[PDB]
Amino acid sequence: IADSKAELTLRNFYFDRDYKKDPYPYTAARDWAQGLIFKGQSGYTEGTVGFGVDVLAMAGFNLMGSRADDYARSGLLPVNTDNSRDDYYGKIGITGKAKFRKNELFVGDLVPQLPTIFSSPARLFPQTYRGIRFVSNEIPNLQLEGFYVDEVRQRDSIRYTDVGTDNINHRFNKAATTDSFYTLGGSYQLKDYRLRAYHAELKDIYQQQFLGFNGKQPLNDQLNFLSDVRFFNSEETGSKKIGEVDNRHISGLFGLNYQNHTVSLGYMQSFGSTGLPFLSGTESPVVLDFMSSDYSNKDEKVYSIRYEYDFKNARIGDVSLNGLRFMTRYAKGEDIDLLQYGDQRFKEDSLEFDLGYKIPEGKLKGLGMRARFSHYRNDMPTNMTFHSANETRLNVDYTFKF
């Protein structure tokens, strides 16, 4: 007990991606949902080997009634083959764990957080996987980790299904599934920088390596230089169920932080015969994580700029603004090759705004609210995955810690 941990989160999420050109038959992807999530992580039994258990429990509700059925699926709620939402969905993940010195083994339901396998947090509930995770912290400053998983339960699903890939913008021959995925590597923490390397195989689909670093380095007493750089290398393997895969992808975001301001510039580029592959049900793993597209197409070059302010030291009269944060960012992607268009190339851009407030003290401490807006355009054909849209996400969350 004594080192157990538990939290209960209540979430209200409205999602509206309002398509500019109403690609028949939908005017928007939209849903309004509420969710409860319980996350419990026990400590370990005493013994040379210690044992414990972790649990994740999720209950979600539709707040739009049958009205929801006239819109394209958001991902907040399960949607049936006639487009009707399920009005309620519930699901439980359990994990058994064992520890020997600073080595831990986890078997069951998992929420991976690696560049080769990163559970999507971007809808109501987390994506989860079923398998085995091993983590060693025996080496100071280095965390070694691996996953072997064979099923995935998507954020908007109550069922485990086979691991695999989605087909974004017809990037590959098809979306495919398979029976296993494994990844292993490590993360090394320096004073001001973290360095990471991982290898992954999605059986008969692709192999992928990652190298990356991120840091926050003081240039003097008041100015910090922030960096996050990610490199992927991907190739097809085995029976090559999605066909050729041939990609290198580099992305970086570089920022200056001064007196609670941050200004950053971002760059991405894809190289190779294809775009970037990654697991189904989740966002691209590259540095720029925008609302309305993955920005990860074959040959796409991406330029971005970002501004943020943390209002920790700001006030409006007697009202402290601590717990307010503002961000805005713009990205443009060009030289997009959709493969089936000869020498034609495509382009896309996004202007986003993000305002979040978390109550810092008092009775309502822990209550958070966020509003995000994206104006997204592209000149891509109508059979592609992402369409010009004005996208709004509104969140109100409250977490109780036990």
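Numbering starts at 1 and runs along the sequence shown.
The mean C-alpha temperature factor is higher for 304-312 when 304-312 and 228-236 are set side by side. Set 337-345 against 58-66 and average the Cα temperature factors; 58-66 ends up higher.
Of the candidates 153, 133, 199, 99, it is 99 whose Cα B-factor is highest according to the PDB record. Set against one another, the Cα B-factors of 84, 207, 297, 167 in the record reach their highest point at 84. The deposited CA B-factor of residue 376 belongs to the lowest third of values across its chain. Ranked by C-alpha B-factor against the other modelled residues of its chain, residue 390 falls in the middle third. Among the modelled residues of its chain, residue 279 has a C-alpha B-factor that falls in the lowest third, as given in the PDB entry. Per the PDB record, residue ranking by Cα B-factor puts residue 355 in the middle third of the chain.
Per-chain ranking of the deposited C-alpha B factor places residue 137 in the highest third.
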